[PDB]
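> What follows is input06.txt, made up of compact mmCIF, C-alpha atoms:
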# COMPACT_ATOMS: atom_id res chain seq x y z
CA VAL A 29 0.00 0.00 0.00
CA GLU A 30 1.86 3.08 -1.27
CA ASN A 31 1.15 6.35 -3.02
CA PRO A 32 2.19 5.91 -6.68
CA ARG A 33 5.56 7.31 -7.77
CA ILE A 34 4.72 9.20 -10.95
CA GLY A 35 7.25 11.59 -12.42
CA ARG A 36 7.03 14.87 -14.27
CA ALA A 37 6.17 14.52 -17.94
CA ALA A 38 9.53 16.01 -18.87
CA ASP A 39 11.61 13.35 -17.05
CA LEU A 40 10.29 10.26 -18.86
CA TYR A 41 13.76 9.33 -20.09
CA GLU A 42 15.58 10.29 -16.83
CA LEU A 43 13.35 8.89 -14.08
CA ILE A 44 15.01 7.48 -10.96
CA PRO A 45 14.37 3.72 -10.47
CA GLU A 46 11.71 3.99 -7.74
CA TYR A 47 9.60 6.10 -10.12
CA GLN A 48 9.95 3.97 -13.27
CA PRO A 49 7.39 1.16 -12.79
CA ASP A 50 4.62 3.42 -11.54
CA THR A 51 5.07 5.92 -14.37
CA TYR A 52 5.46 3.22 -17.03
CA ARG A 53 2.04 1.82 -16.10
CA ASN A 54 0.31 5.21 -15.55
CA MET A 55 1.24 7.13 -18.68
CA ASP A 56 -2.41 8.15 -19.04
CA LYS A 57 -1.92 10.21 -15.88
CA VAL A 58 1.11 12.09 -17.29
CA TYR A 59 0.47 12.53 -21.04
CA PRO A 60 -2.52 13.08 -23.33
CA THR A 61 -3.79 9.66 -24.43
CA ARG A 62 -6.58 8.06 -26.44
CA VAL A 63 -8.19 4.69 -25.70
CA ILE A 64 -7.53 1.73 -27.99
CA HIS A 65 -10.83 -0.09 -27.53
CA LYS A 66 -11.14 -3.81 -27.25
CA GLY A 67 -14.15 -5.52 -28.78
CA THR A 68 -16.66 -8.05 -27.44
CA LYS A 69 -14.90 -11.31 -28.33
CA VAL A 70 -11.49 -12.21 -26.86
CA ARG A 71 -9.07 -14.52 -28.60
CA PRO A 72 -8.14 -17.23 -26.09
CA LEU A 73 -4.54 -17.79 -25.04
CA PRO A 74 -4.94 -21.29 -23.59
CA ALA A 75 -2.54 -22.88 -21.16
CA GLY A 76 0.26 -24.50 -23.13
CA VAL A 77 3.41 -26.50 -22.45
CA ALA A 78 4.72 -25.26 -19.10
CA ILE A 79 8.48 -24.67 -19.34
CA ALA A 80 11.15 -23.68 -16.78
CA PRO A 81 14.04 -22.37 -18.86
CA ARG A 82 17.52 -21.97 -17.42
CA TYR A 83 20.51 -20.31 -19.06
CA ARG A 84 24.24 -19.79 -18.53
CA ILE A 85 26.05 -16.46 -18.35
CA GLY A 86 29.75 -16.41 -17.54
CA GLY A 87 30.14 -18.98 -14.81
CA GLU A 88 26.62 -19.24 -13.48
CA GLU A 89 23.26 -20.66 -14.52
CA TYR A 90 20.13 -18.57 -13.92
CA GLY A 91 16.42 -19.31 -13.88
CA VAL A 92 13.33 -17.22 -14.39
CA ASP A 93 13.38 -15.51 -10.99
CA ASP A 94 17.07 -14.86 -11.46
CA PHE A 95 16.48 -13.19 -14.82
CA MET A 96 13.62 -11.06 -13.51
CA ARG A 97 15.48 -9.93 -10.38
CA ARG A 98 18.85 -9.34 -12.04
CA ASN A 99 17.33 -7.38 -14.91
CA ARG A 100 14.39 -5.77 -13.06
CA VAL A 101 11.78 -7.38 -15.28
CA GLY A 102 8.13 -6.41 -14.83
CA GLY A 103 6.76 -9.04 -17.22
CA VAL A 104 7.55 -12.14 -19.31
CA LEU A 105 5.18 -13.96 -21.66
CA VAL A 106 6.26 -16.92 -23.79
CA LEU A 107 3.67 -18.33 -26.22
CA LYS A 108 4.17 -21.52 -28.22
CA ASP A 109 1.62 -22.23 -30.94
CA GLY A 110 -0.64 -19.54 -29.47
CA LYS A 111 -0.72 -21.22 -26.05
CA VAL A 112 0.78 -19.76 -22.87
CA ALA A 113 4.08 -21.54 -22.12
CA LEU A 114 5.38 -19.02 -19.56
CA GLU A 115 3.75 -16.07 -17.82
CA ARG A 116 5.27 -14.00 -15.00
CA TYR A 117 4.63 -10.51 -13.60
CA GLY A 118 6.93 -8.31 -11.53
CA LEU A 119 7.49 -4.90 -9.90
CA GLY A 120 3.91 -5.07 -8.63
CA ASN A 121 2.30 -5.62 -12.04
CA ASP A 122 -0.50 -8.14 -12.57
CA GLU A 123 -2.39 -9.35 -15.62
CA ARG A 124 -4.49 -6.17 -15.81
CA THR A 125 -1.56 -3.75 -15.94
CA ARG A 126 -1.08 -1.64 -19.07
CA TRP A 127 2.63 -1.03 -19.62
CA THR A 128 4.20 1.59 -21.93
CA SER A 129 5.97 0.31 -25.06
CA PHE A 130 8.61 2.86 -26.12
CA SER A 131 9.93 2.06 -29.60
CA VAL A 132 8.11 -1.28 -29.56
CA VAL A 133 5.05 0.53 -30.83
CA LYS A 134 6.96 1.32 -34.02
CA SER A 135 6.30 -2.21 -35.20
CA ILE A 136 2.63 -1.77 -34.35
CA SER A 137 2.56 1.46 -36.33
CA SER A 138 4.32 -0.33 -39.16
CA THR A 139 1.86 -3.20 -39.17
CA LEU A 140 -0.99 -0.70 -39.26
CA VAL A 141 0.54 0.86 -42.36
CA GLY A 142 0.40 -2.61 -43.91
CA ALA A 143 -3.26 -2.79 -42.91
CA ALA A 144 -3.90 0.50 -44.69
CA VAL A 145 -2.11 -0.81 -47.73
CA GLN A 146 -4.32 -3.89 -47.73
CA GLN A 147 -7.42 -1.63 -47.73
CA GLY A 148 -6.17 0.57 -50.58
CA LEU A 149 -5.98 3.63 -48.29
CA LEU A 150 -2.18 3.92 -48.48
CA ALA A 151 0.28 2.95 -51.20
CA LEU A 152 4.02 2.51 -50.71
CA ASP A 153 5.04 4.32 -53.92
CA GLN A 154 2.89 7.39 -53.23
CA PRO A 155 4.51 10.67 -52.11
CA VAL A 156 4.16 11.56 -48.48
CA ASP A 157 3.16 15.18 -49.21
CA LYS A 158 0.13 13.83 -51.11
CA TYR A 159 -1.21 12.52 -47.80
CA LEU A 160 0.26 15.32 -45.62
CA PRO A 161 0.24 18.60 -47.59
CA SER A 162 1.83 20.46 -44.66
CA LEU A 163 5.03 18.65 -45.67
CA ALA A 164 5.06 20.43 -49.02
CA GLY A 165 8.08 22.71 -49.26
CA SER A 166 10.09 20.60 -46.80
CA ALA A 167 12.81 18.09 -47.54
CA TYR A 168 10.11 15.40 -47.23
CA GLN A 169 8.30 16.56 -50.37
CA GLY A 170 8.66 13.77 -52.91
CA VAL A 171 9.71 11.10 -50.40
CA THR A 172 7.53 8.02 -50.79
CA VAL A 173 5.74 6.10 -48.05
CA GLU A 174 8.17 3.25 -48.67
CA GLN A 175 11.23 5.40 -48.10
CA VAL A 176 9.69 6.59 -44.83
CA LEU A 177 8.99 3.04 -43.61
CA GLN A 178 12.62 2.05 -44.26
CA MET A 179 14.20 5.15 -42.71
CA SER A 180 15.62 5.96 -46.14
CA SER A 181 14.28 9.45 -46.74
CA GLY A 182 17.81 10.86 -46.62
CA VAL A 183 16.70 13.81 -44.47
CA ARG A 184 19.16 15.00 -41.82
CA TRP A 185 18.19 13.77 -38.36
CA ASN A 186 19.96 13.84 -34.99
CA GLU A 187 18.71 11.00 -32.79
CA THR A 188 21.09 11.53 -29.86
CA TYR A 189 19.21 12.43 -26.64
CA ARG A 190 22.04 14.14 -24.70
CA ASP A 191 22.14 16.87 -27.36
CA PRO A 192 19.32 19.14 -26.09
CA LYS A 193 19.38 20.65 -29.62
CA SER A 194 18.89 17.15 -31.09
CA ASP A 195 16.01 16.46 -33.43
CA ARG A 196 14.81 13.71 -31.08
CA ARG A 197 15.02 16.14 -28.17
CA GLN A 198 13.10 18.81 -30.06
CA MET A 199 10.48 16.17 -30.92
CA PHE A 200 10.06 15.42 -27.21
CA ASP A 201 9.97 19.19 -26.61
CA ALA A 202 7.06 19.51 -29.03
CA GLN A 203 5.32 16.60 -27.33
CA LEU A 204 5.79 18.47 -24.01
CA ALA A 205 4.36 21.69 -25.49
CA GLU A 206 1.18 19.65 -26.22
CA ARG A 207 0.44 21.54 -29.46
CA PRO A 208 -1.05 19.71 -32.46
CA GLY A 209 1.31 19.69 -35.40
CA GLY A 210 4.49 20.43 -33.45
CA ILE A 211 6.30 17.28 -34.54
CA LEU A 212 5.19 17.90 -38.12
CA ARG A 213 6.59 21.42 -37.94
CA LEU A 214 9.92 20.04 -36.79
CA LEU A 215 9.86 17.47 -39.58
CA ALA A 216 9.08 20.26 -42.06
CA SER A 217 12.08 22.27 -40.85
CA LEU A 218 14.71 19.58 -41.57
CA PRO A 219 17.09 19.77 -44.56
CA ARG A 220 18.13 17.14 -47.05
CA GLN A 221 21.37 15.23 -46.50
CA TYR A 222 21.33 12.11 -48.72
CA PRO A 223 19.37 11.18 -51.86
CA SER A 224 16.11 9.41 -51.17
CA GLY A 225 16.27 5.65 -50.81
CA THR A 226 20.05 5.32 -50.42
CA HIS A 227 21.03 5.93 -46.78
CA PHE A 228 19.57 4.61 -43.54
CA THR A 229 19.20 7.11 -40.68
CA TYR A 230 17.13 5.81 -37.77
CA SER A 231 14.71 8.67 -37.11
CA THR A 232 12.08 8.57 -34.38
CA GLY A 233 10.26 11.45 -36.09
CA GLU A 234 10.31 9.59 -39.39
CA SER A 235 8.84 6.69 -37.39
CA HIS A 236 6.13 9.06 -36.12
CA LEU A 237 5.26 9.97 -39.71
CA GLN A 238 3.65 6.52 -39.96
CA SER A 239 1.07 7.60 -37.40
CA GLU A 240 0.56 10.85 -39.27
CA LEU A 241 0.23 9.05 -42.62
CA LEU A 242 -2.23 6.58 -41.16
CA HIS A 243 -4.48 9.31 -39.81
CA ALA A 244 -4.32 11.11 -43.15
CA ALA A 245 -5.14 8.00 -45.17
CA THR A 246 -7.77 6.42 -42.91
CA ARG A 247 -9.13 9.79 -41.67
CA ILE A 248 -9.79 8.33 -38.20
CA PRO A 249 -7.77 8.37 -34.97
CA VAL A 250 -5.01 5.80 -35.16
CA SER A 251 -6.15 4.24 -31.87
CA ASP A 252 -9.49 3.52 -33.52
CA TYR A 253 -7.88 2.08 -36.66
CA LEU A 254 -5.85 -0.29 -34.51
CA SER A 255 -9.07 -1.17 -32.69
CA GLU A 256 -10.99 -1.87 -35.92
CA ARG A 257 -8.23 -3.82 -37.66
CA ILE A 258 -6.82 -5.73 -34.68
CA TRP A 259 -7.70 -4.79 -31.13
CA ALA A 260 -11.46 -5.33 -31.38
CA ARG A 261 -11.38 -7.82 -34.30
CA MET A 262 -9.19 -10.69 -33.14
CA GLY A 263 -10.09 -9.62 -29.65
CA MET A 264 -7.68 -8.33 -27.08
CA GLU A 265 -8.78 -8.94 -23.53
CA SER A 266 -8.30 -5.33 -22.43
CA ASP A 267 -8.49 -1.76 -23.66
CA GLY A 268 -5.14 -0.29 -24.54
CA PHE A 269 -4.30 3.37 -24.84
CA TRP A 270 -1.91 5.45 -26.88
CA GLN A 271 0.07 8.55 -25.92
CA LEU A 272 -0.85 11.64 -27.94
CA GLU A 273 0.95 14.75 -29.06
CA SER A 274 -1.83 17.01 -27.71
CA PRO A 275 -5.17 16.71 -25.88
CA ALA A 276 -7.46 14.68 -28.16
CA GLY A 277 -4.62 14.98 -30.65
CA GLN A 278 -2.44 12.68 -32.75
CA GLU A 279 -0.99 9.32 -31.70
CA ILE A 280 2.77 9.25 -31.15
CA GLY A 281 3.77 6.70 -33.78
CA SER A 282 7.18 6.02 -32.21
CA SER A 283 6.27 5.55 -28.49
CA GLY A 284 3.37 5.66 -26.01
CA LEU A 285 1.26 2.50 -26.39
CA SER A 286 0.18 0.86 -23.13
CA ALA A 287 -1.34 -2.65 -23.05
CA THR A 288 -1.59 -5.70 -20.87
CA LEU A 289 1.02 -8.42 -21.19
CA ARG A 290 -1.33 -10.91 -22.85
CA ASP A 291 -2.58 -8.25 -25.26
CA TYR A 292 0.99 -7.52 -26.28
CA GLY A 293 1.14 -11.25 -26.93
CA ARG A 294 -2.05 -11.19 -28.99
CA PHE A 295 -0.55 -8.57 -31.25
CA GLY A 296 2.53 -10.77 -31.58
CA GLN A 297 0.37 -13.80 -32.42
CA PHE A 298 -1.45 -11.71 -35.04
CA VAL A 299 1.89 -10.99 -36.66
CA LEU A 300 2.93 -14.64 -36.29
CA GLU A 301 -0.21 -15.66 -38.20
CA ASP A 302 0.58 -13.20 -41.01
CA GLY A 303 -2.28 -10.99 -39.90
CA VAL A 304 -5.13 -13.39 -40.69
CA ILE A 305 -8.08 -13.10 -38.29
CA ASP A 306 -11.02 -15.51 -38.83
CA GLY A 307 -10.28 -16.01 -42.54
CA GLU A 308 -9.87 -12.29 -43.31
CA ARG A 309 -6.36 -11.26 -44.41
CA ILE A 310 -5.80 -8.02 -42.50
CA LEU A 311 -2.23 -7.64 -43.80
CA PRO A 312 -1.06 -7.84 -47.42
CA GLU A 313 0.40 -11.06 -48.74
CA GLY A 314 3.94 -11.54 -47.55
CA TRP A 315 3.81 -8.22 -45.72
CA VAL A 316 5.29 -9.93 -42.63
CA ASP A 317 7.85 -11.64 -44.92
CA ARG A 318 9.12 -8.31 -46.30
CA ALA A 319 8.72 -6.57 -42.93
CA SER A 320 11.28 -9.01 -41.59
CA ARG A 321 13.38 -9.29 -44.74
CA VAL A 322 17.07 -10.11 -44.35
CA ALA A 363 12.98 -14.15 -36.73
CA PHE A 364 12.24 -10.52 -35.94
CA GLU A 365 11.68 -8.24 -32.98
CA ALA A 366 10.45 -4.92 -31.75
CA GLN A 367 12.51 -3.32 -29.01
CA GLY A 368 12.31 -0.26 -26.82
CA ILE A 369 14.67 1.35 -24.37
CA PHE A 370 14.82 0.30 -20.69
CA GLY A 371 14.23 -3.30 -21.80
CA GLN A 372 11.03 -3.61 -23.86
CA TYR A 373 11.03 -6.61 -26.20
CA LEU A 374 8.62 -8.29 -28.61
CA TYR A 375 10.32 -11.33 -30.14
CA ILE A 376 8.63 -13.38 -32.88
CA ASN A 377 10.21 -16.59 -34.26
CA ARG A 378 7.90 -17.86 -36.96
CA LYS A 379 9.71 -21.11 -37.74
CA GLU A 380 9.32 -22.06 -34.07
CA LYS A 381 5.86 -20.46 -33.74
CA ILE A 382 7.06 -18.58 -30.65
CA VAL A 383 5.91 -15.17 -29.43
CA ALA A 384 7.65 -13.57 -26.44
CA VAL A 385 6.90 -10.30 -24.64
CA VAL A 386 9.39 -8.81 -22.19
CA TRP A 387 8.70 -5.72 -20.03
CA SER A 388 11.64 -4.33 -18.04
CA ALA A 389 12.75 -1.23 -16.11
CA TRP A 390 16.49 -0.99 -16.71
CA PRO A 391 18.09 2.03 -15.04
CA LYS A 392 19.51 3.21 -18.38
CA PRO A 393 17.90 3.24 -21.86
CA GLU A 394 20.46 0.79 -23.29
CA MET A 395 22.42 -1.64 -21.09
CA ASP A 396 24.64 -4.18 -22.87
CA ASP A 397 24.73 -6.65 -19.99
CA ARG A 398 20.94 -6.72 -19.85
CA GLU A 399 20.68 -7.04 -23.62
CA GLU A 400 23.00 -10.05 -23.66
CA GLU A 401 21.17 -11.60 -20.74
CA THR A 402 17.73 -11.06 -22.33
CA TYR A 403 18.80 -12.66 -25.61
CA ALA A 404 20.27 -15.54 -23.63
CA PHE A 405 17.06 -16.08 -21.69
CA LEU A 406 14.92 -15.93 -24.83
CA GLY A 407 17.11 -18.44 -26.64
CA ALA A 408 16.92 -20.71 -23.61
CA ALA A 409 13.12 -20.64 -23.72
CA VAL A 410 13.14 -21.31 -27.47
CA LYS A 411 15.44 -24.27 -27.02
CA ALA A 412 13.34 -25.55 -24.14
CA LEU A 413 10.27 -25.48 -26.43
CA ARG A 414 11.59 -27.89 -29.10
Would you put the structure from the file into structure tokens?

Amino acid sequence: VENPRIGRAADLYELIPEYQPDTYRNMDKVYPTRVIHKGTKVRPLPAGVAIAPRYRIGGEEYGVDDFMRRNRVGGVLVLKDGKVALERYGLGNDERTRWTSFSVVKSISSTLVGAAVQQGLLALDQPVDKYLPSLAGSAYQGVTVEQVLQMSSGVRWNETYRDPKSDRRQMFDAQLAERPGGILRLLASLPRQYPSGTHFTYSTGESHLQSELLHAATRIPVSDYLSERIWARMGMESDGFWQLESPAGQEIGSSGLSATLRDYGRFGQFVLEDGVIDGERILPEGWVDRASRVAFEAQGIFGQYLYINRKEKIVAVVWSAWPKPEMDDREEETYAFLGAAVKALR
């Protein structure tokens, strides 16, 4: 029994440890959000093959409780053939907790773009300014939807967070100003650096453009499009919600989604099944194939993971609260644990 430890909006990426779990599961109390509605039917996740994976790092072998405690894990879900093989909760979370996603939601945004392509609302080869005319006269004029999905626009972007004058840090600044169109204005201000389609620059704003494109093409809030295509169709057990740029504003395409552990899994299963729900192909043919073109994963800072191994039919969700955004020791340990669960499921 304790008063929740929720931080200032501006400290999301610098919270002290005792404030991280509470904030990560109460983003709706810190930021503008919109509900991602579930439907009436819920896709079952039946009890599967119970496993107890154990792995070796350096000299010592660790189990599940070791992995959770050492890495400050708030949730682990391992699904084999759509059945629950492993399910644990930590840091005070339970099965009804909605946990924030960070860059994990990028893959969700990306899948939604595929959904829009399947419905003829978006097309990869179409110019982005056609859907978002406020990007006319920017460097993004003429860049196609495809180039945006692949981070290949060639537009100059500074992703580093410690540079307060970084493009990522200005994007967060605009989010903190809570004004509609702030991120788009930033995106409109950027200059060209490489020719389109030639150079990869990981851009969180470019990743947000997916959300903007989706709202332009579907003409509905992105939360509702996710609800209609996935969340209420296959049937997630619980409402989700999505962090917005402004009150009743636009979904942050690159971070902000909160959902229960099993609902994260249901999205993963959807992807595992190539986006087919009850006979209806929600995703284009081979969209998942290309979307993972060389197993694939979504990942977000502080230890958020969505691992999908199609050949093994395995979906894994990992929620963590690492003290720093990227920690190599925790990355190595998480990949080790996941591999151990995969091997245990053969």
> Go through A:231, A:145, A:139, A:221 and flag the residue nearest residue A:176, using all atoms listed in the file for the distances.
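Distance minimum relative to residue A:176 lands on A:231.
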> Residues proximal to (-0.5, 12.1, -35.0) were defined as those with any atom within 10 Å of that point in the file's coordinates, counting only C-alpha atoms. Which are they, as a list in words?
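Collected hits near the coordinates: residues 208, 209, 210, 211, 212, 236, 237, 238, 239, 240, 241, 242, 243, 244, 249, 250, 271, 272, 273, 274, 277, 278, 279, 280 and 281 of chain A.
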> Can you tell me how far atom CA of residue A:287 sits from atom CA of residue A:268, in Å to one decimal?
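Separating atom CA of residue A:287 from atom CA of residue A:268 is a distance of 4.7 Å.
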> Find the residue from A:404, A:68, A:305, A:275 that sits nearest to residue A:204; use only C-alpha atoms when measuring.
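Among the listed residues, the smallest separation from residue A:204 belongs to A:275.
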> Need the shell around residue A:167: protein/DNA/RNA residues with any atom at most 8 Å away, counting only C-alpha atoms. Skip same-chain ones fewer than 6 positions apart. Format as an mmCIF file with C-alpha atoms, keeping the file's coordinate frame?

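What follows is the written file around.cif:
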data_model
loop_
_atom_site.group_PDB
_atom_site.id
_atom_site.type_symbol
_atom_site.label_atom_id
_atom_site.label_comp_id
_atom_site.auth_asym_id
_atom_site.auth_seq_id
_atom_site.Cartn_x
_atom_site.Cartn_y
_atom_site.Cartn_z
ATOM 1 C CA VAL A 183 16.700 13.810 -44.470
ATOM 2 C CA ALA A 216 9.080 20.260 -42.060
ATOM 3 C CA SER A 217 12.080 22.270 -40.850
ATOM 4 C CA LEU A 218 14.710 19.580 -41.570
ATOM 5 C CA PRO A 219 17.090 19.770 -44.560
ATOM 6 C CA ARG A 220 18.130 17.140 -47.050
#
> Using all atoms listed in the file, which protein or nucleic acid residues come within 8 Å of stretch 91-104 of chain A? Drop anything in the same chain fewer than 5 positions from it, and give the result as an MDAnalysis selection string.
chainID A and resid 49 80:83 114:121 289 384:390 398 401:402 405
> Leaving out residue A:64 and any residue of its chain fewer than 6 positions from it, which residues lie within 6 Å of it when counting all atoms listed in the file, given as a ChimeraX atom specification?
/A:251,255,267-269
> Using only C-alpha atoms, which of A:215, A:132, A:55, A:310 sits nearest residue A:147?
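Of the candidates, the smallest distance to residue A:147 is held by A:310.
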> Of the candidates A:38, A:307, A:189, A:112, which shows the shortest atom-to-atom distance to residue A:74, using all atoms listed in the file?
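Going through A:38, A:307, A:189, A:112 one by one, the smallest distance to residue A:74 is for A:112.
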> Do a neighbour search on residue A:106 at 12 Å with only C-alpha atoms, toss out local chain neighbours closer than 5 positions, and write the hits as a PyMOL selection string.
chain A and resi 73+75-81+92+111-116+289-290+292-294+296-297+373-377+380-386+405-410+412-413
> Please measure the separation of atom CA of residue A:129 and atom CA of residue A:197, giving the value in Å to one decimal.
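These two atoms are separated by 18.5 Å.
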> Taking into account all atoms listed in the file, which residue in the set A:259, A:168, A:298, A:159 is nearest to residue A:110?
A:298
> What separation in Å, quoted to one decimal, exists between atom CA of residue A:36 and atom CA of residue A:187?
22.2 Å
> From the list A:371, A:391, A:225, A:192, which residue is nearest residue A:403 when using all atoms listed in the file?
A:371
> Once you add 4 Å to each side, what are the centre and edge lengths of the axis-aligned box holding all listed atoms of stretch 76-95 of chain A? One decimal in Å, as JSON, if you can.

{"center_x": 15.2, "center_y": -19.8, "center_z": -17.1, "size_x": 37.9, "size_y": 21.3, "size_z": 20.1}
> With only C-alpha atoms as the counted atoms, please give the residues lying no more than 6 Å from residue A:288, apart from itself and same-chain residues fewer than 4 positions off, as a ChimeraX atom specification.
/A:124-126
> For stretch 85-148 of chain A in the structure I just supplied, write out C-alpha atoms - as an mmCIF file, in the first residue's frame.

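Written output follows (out-v1.cif):
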data_model
loop_
_atom_site.group_PDB
_atom_site.id
_atom_site.type_symbol
_atom_site.label_atom_id
_atom_site.label_comp_id
_atom_site.auth_asym_id
_atom_site.auth_seq_id
_atom_site.Cartn_x
_atom_site.Cartn_y
_atom_site.Cartn_z
ATOM 1 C CA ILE A 85 26.054 -16.463 -18.350
ATOM 2 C CA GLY A 86 29.753 -16.412 -17.544
ATOM 3 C CA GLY A 87 30.139 -18.980 -14.808
ATOM 4 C CA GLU A 88 26.618 -19.239 -13.476
ATOM 5 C CA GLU A 89 23.258 -20.665 -14.518
ATOM 6 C CA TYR A 90 20.127 -18.569 -13.924
ATOM 7 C CA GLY A 91 16.417 -19.308 -13.880
ATOM 8 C CA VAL A 92 13.325 -17.219 -14.386
ATOM 9 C CA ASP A 93 13.379 -15.508 -10.991
ATOM 10 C CA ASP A 94 17.070 -14.857 -11.456
ATOM 11 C CA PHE A 95 16.475 -13.189 -14.820
ATOM 12 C CA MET A 96 13.621 -11.057 -13.512
ATOM 13 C CA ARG A 97 15.476 -9.931 -10.384
ATOM 14 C CA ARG A 98 18.849 -9.341 -12.036
ATOM 15 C CA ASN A 99 17.332 -7.379 -14.910
ATOM 16 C CA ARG A 100 14.394 -5.773 -13.060
ATOM 17 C CA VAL A 101 11.782 -7.376 -15.279
ATOM 18 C CA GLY A 102 8.130 -6.408 -14.826
ATOM 19 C CA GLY A 103 6.756 -9.043 -17.215
ATOM 20 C CA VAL A 104 7.550 -12.141 -19.308
ATOM 21 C CA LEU A 105 5.184 -13.957 -21.662
ATOM 22 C CA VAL A 106 6.263 -16.922 -23.788
ATOM 23 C CA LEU A 107 3.667 -18.331 -26.218
ATOM 24 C CA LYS A 108 4.167 -21.516 -28.222
ATOM 25 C CA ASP A 109 1.621 -22.226 -30.945
ATOM 26 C CA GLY A 110 -0.636 -19.544 -29.474
ATOM 27 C CA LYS A 111 -0.719 -21.218 -26.052
ATOM 28 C CA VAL A 112 0.784 -19.755 -22.867
ATOM 29 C CA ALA A 113 4.077 -21.538 -22.121
ATOM 30 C CA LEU A 114 5.384 -19.025 -19.556
ATOM 31 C CA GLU A 115 3.754 -16.071 -17.816
ATOM 32 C CA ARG A 116 5.267 -13.999 -15.000
ATOM 33 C CA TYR A 117 4.633 -10.509 -13.599
ATOM 34 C CA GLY A 118 6.929 -8.313 -11.527
ATOM 35 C CA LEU A 119 7.490 -4.904 -9.898
ATOM 36 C CA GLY A 120 3.914 -5.073 -8.629
ATOM 37 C CA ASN A 121 2.299 -5.616 -12.036
ATOM 38 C CA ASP A 122 -0.498 -8.139 -12.570
ATOM 39 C CA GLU A 123 -2.390 -9.352 -15.618
ATOM 40 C CA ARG A 124 -4.490 -6.169 -15.813
ATOM 41 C CA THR A 125 -1.560 -3.749 -15.944
ATOM 42 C CA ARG A 126 -1.079 -1.641 -19.069
ATOM 43 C CA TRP A 127 2.634 -1.027 -19.622
ATOM 44 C CA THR A 128 4.196 1.586 -21.930
ATOM 45 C CA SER A 129 5.967 0.312 -25.057
ATOM 46 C CA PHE A 130 8.615 2.860 -26.117
ATOM 47 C CA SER A 131 9.934 2.061 -29.600
ATOM 48 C CA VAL A 132 8.114 -1.282 -29.561
ATOM 49 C CA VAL A 133 5.048 0.529 -30.830
ATOM 50 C CA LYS A 134 6.957 1.322 -34.023
ATOM 51 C CA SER A 135 6.299 -2.212 -35.202
ATOM 52 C CA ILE A 136 2.631 -1.775 -34.347
ATOM 53 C CA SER A 137 2.559 1.456 -36.328
ATOM 54 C CA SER A 138 4.321 -0.329 -39.158
ATOM 55 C CA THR A 139 1.855 -3.203 -39.167
ATOM 56 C CA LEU A 140 -0.986 -0.698 -39.255
ATOM 57 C CA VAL A 141 0.539 0.859 -42.364
ATOM 58 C CA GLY A 142 0.396 -2.614 -43.907
ATOM 59 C CA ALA A 143 -3.258 -2.787 -42.907
ATOM 60 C CA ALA A 144 -3.897 0.502 -44.685
ATOM 61 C CA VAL A 145 -2.110 -0.808 -47.732
ATOM 62 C CA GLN A 146 -4.316 -3.891 -47.734
ATOM 63 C CA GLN A 147 -7.423 -1.635 -47.732
ATOM 64 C CA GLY A 148 -6.166 0.574 -50.577
#
